[PDB]
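Q: chains from the complex, first installment, not repositioned:
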Amino acid sequence: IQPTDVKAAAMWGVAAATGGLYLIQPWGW
Amino acid sequence: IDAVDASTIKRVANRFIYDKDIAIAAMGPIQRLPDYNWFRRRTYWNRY
């Protein structure tokens, strides 16, 4: 409801930081 | 009794139910009852 909101948000910040994880690639960190 | 609200339910459920072992006893025409790995896997939700 409200869990499925935030639980939509946690893996919505995965894509962002998972396609921010296959193309531009600052790699020392 | 009335000191058990919706947040108390989830905390006791995470201690006793979530990702825990179970025990089963069955009898009869039980060839279509699922097996132990089916039951053990469904003590958590790989969706949330």
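A: Structure's in. What do you need? Numbers count the residues shown, from 1 in each chain, chains lettered A, B, ... in the order given.

Q: contacts and neighbour counts: CA atoms only from here.
A: Noted.

Q: any idea where the strands of chain B begin and end?
A: Along chain B, counting by DSSP state E, no stretch forms strands.

Q: quick one: the helices in chain A, in order.
A: Here chain A has its helices, by DSSP state H, at A:3-9, A:12-15.

Q: repeat for chain B
A: Using DSSP H, helices in chain B cover B:6-16, B:36-41.

Q: off-centre distance for the longest one?
A: Spelled out, it's helix B:6-16. 13 Å (C-alpha atoms, centre = their mean, to the nearest Å).

Q: what does stretch A:15-29 give?
A: The answer for stretch A:15-29 is 10 Å, by C-alpha atoms, centre = their mean.

Q: and for stretch B:36-48?
A: 8 Å.

Q: could you export that stretch as CSV, CA atoms only?
A: This file holds the C-alpha atoms of stretch B:36-48, laid out as CSV (Å, rounded to 0.1, in the frame of the first residue of the first chain):
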residue,chain,number,x,y,z
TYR,B,36,9.4,-29.7,2.2
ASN,B,37,11.4,-27.4,-0.1
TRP,B,38,8.2,-25.9,-1.4
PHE,B,39,7.1,-25.1,2.1
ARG,B,40,10.4,-23.8,3.4
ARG,B,41,10.8,-21.4,0.5
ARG,B,42,7.5,-19.8,1.1
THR,B,43,8.4,-18.5,4.6
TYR,B,44,9.6,-15.4,2.9
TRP,B,45,8.6,-13.3,-0.1
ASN,B,46,11.1,-12.6,-2.8
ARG,B,47,9.0,-9.7,-4.1
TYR,B,48,9.2,-6.8,-1.6
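
Q: one more chain, chain C:
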Amino acid sequence: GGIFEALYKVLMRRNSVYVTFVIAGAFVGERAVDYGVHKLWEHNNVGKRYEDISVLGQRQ
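A: Putting chain C onto the chains we already have gives this:
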């Protein structure tokens, strides 16, 4: 043995954090292994690279 409950204590009772750990752990591991292959290579071959050519600048 106390690191084994503590590492499951924090991260995966959840299923989107978990997908962070397998994607972001695929990177630190891919850079930890690309670094070690790229230093075992230039240690087996000393004096054989392109910058080890004594007459490099001077053709004329």
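
Q: chain A contacts on chain B?
A: Applying C-alpha under 8 Å from any C-alpha of the partner chain, we find that chain B lies next to chain A at residue B:48.

Q: go again with 10 Å.
A: By C-alpha under 10 Å from any C-alpha of the partner chain, the residues of chain B that approach chain A are B:47-48.

Q: again with chain C
A: C:14-24, C:26-28, C:30-31.

Q: for those residues, which one is nearest chain B?
A: The nearest member of the residues of chain C next to chain A to chain B, counting by C-alpha to the nearest C-alpha, is residue C:15 at 5.5 Å.

Q: out of the residues of chain C next to chain A, who's near chain B?
A: C:14-16.

Q: and the residues you listed as a markdown table, adding distance to residue A:1, neighbour count and secondary structure?
A: Below are those laid out as a markdown table (distance: C-alpha to C-alpha, whole Å; neighbours: other C-alpha atoms under 10 Å in any protein chain shown; DSSP: H, G, I helix; E, B strand; the rest coil):
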| residue | distance to residue A:1 | neighbour count | secondary structure |
| --- | --- | --- | --- |
| C:14 | 16 | 16 | coil |
| C:15 | 17 | 16 | coil |
| C:16 | 17 | 22 | coil |
